[PDB]
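J.: Take a look at this one; I'll ask things after.
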Amino acid sequence: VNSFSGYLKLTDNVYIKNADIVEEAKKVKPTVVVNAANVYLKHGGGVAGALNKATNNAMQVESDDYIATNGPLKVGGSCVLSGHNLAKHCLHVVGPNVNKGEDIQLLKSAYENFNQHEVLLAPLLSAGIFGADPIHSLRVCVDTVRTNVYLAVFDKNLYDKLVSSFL
Ligand SMILES: COc1cncc(C(=O)NCCNC(=O)c2ncccc2O)c1
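Residue numbers (full-length UniProt numbering): 1025 to 1191.
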């Protein structure tokens, strides 16, 4: 038993809710919150901008030190940093950005990072400003992630579509 509340169960291990991931993180304090990161960990907008804003820019300060030491992530890759006031840890995962021409097949590799964590609160990778089809992202999630994932979908209209079209 865990503290996540109000989720619709899609599969044995995947759950989904219409929620603001920032508000959900502040209430649950999960072990892991997933950020929709880019390779530079520049948290300017979308999920990343909202998570970073909720940390009062501490996420960005930590991220800049990470990049200065390690260089950029790979598309499809990830790193574990602090969750600040939102979670114990933040798993920064780089899904392919369609608006940059990145290969959508890398979406499966991106979701594989979730398997290193027993339970996660996460957004749909490559959705929103990353330009992928969220229905496709949900399908890849269900077919790739084997650990317990609680998906927060900000847009109510999208949440209902995602639910109604789920196979
Ligand atoms: C590319 O295919 C698509 C099909 N249908 C919908 C989308 C989409 O992402 N729509 C934007 C949904 N809104 C939000 O996520 C949102 N989040 C936070 C605050 C306010 C907000 O409106 C994409």
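The C-beta atom is built at its ideal place from N, Cα and C for all residues, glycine as well.
Exposed or buried, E1142, counting other C-beta atoms within 10 Å across all chains shown (16 or more means buried)?
T.: By one-based count along the sequence shown, residue 1142 stands at place 118. The residue is exposed, with fewer than 16 neighbouring Cβ atoms inside 10 Å.
J.: With H, G and I counted as helix, E and B as strand and the rest as coil, what does DSSP make of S1150?
T.: Reading the sequence shown from its first residue, position 126 is the one you call residue 1150. The answer is coil: DSSP assigns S1150 none of H, G, I, E or B.
J.: So does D1184 have its beta carbon nearer than 7 Å to some heavy atom of ligand 1?
T.: Start at 1 with the first residue of the sequence shown, and residue 1184 comes out as number 160. Every heavy atom of ligand 1 is 7 Å or more from the Cβ of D1184, so no.
J.: So, is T1035 buried or exposed, given that buried needs 16 or more other C-beta atoms within 10 angstroms?
T.: For the purposes of this step, residue 1035 is taken as residue 11 along the sequence shown, with counting starting at 1. Classification of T1035: exposed, given that the 10 Å Cβ count is below 16.
J.: Give the straight-line distance between the Cα atoms of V1169 and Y1183, rounded to the nearest whole angstrom.
T.: One-based indexing of the sequence shown puts residue 1169 at position 145. One-based indexing of the sequence shown puts residue 1183 at position 159. Taking the straight line from one Cα to the other gives about 19 Å.
J.: So for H1067, helix, strand or coil by DSSP?
T.: For the purposes of this step, residue 1067 is taken as the residue at position 43 of the sequence shown. Note: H1067 maps to coil in three-state DSSP.
J.: Give me the residue from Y1090, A1111 and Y1039 with the minimum Cα distance to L1186.
T.: Your numbering for residue 1186 matches position 162 in the sequence shown. Selection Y1090, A1111 and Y1039 evaluated against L1186 yields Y1039 as nearest (Cα-Cα).
J.: Keeping to the same chain, check which residues put their C-beta closer than 7 Å to that of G1069; ignore five residues upstream and five downstream.
T.: As a working mapping, residue 1069 is identified with position 45 in the sequence shown. Correct list, in chain order: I1153.
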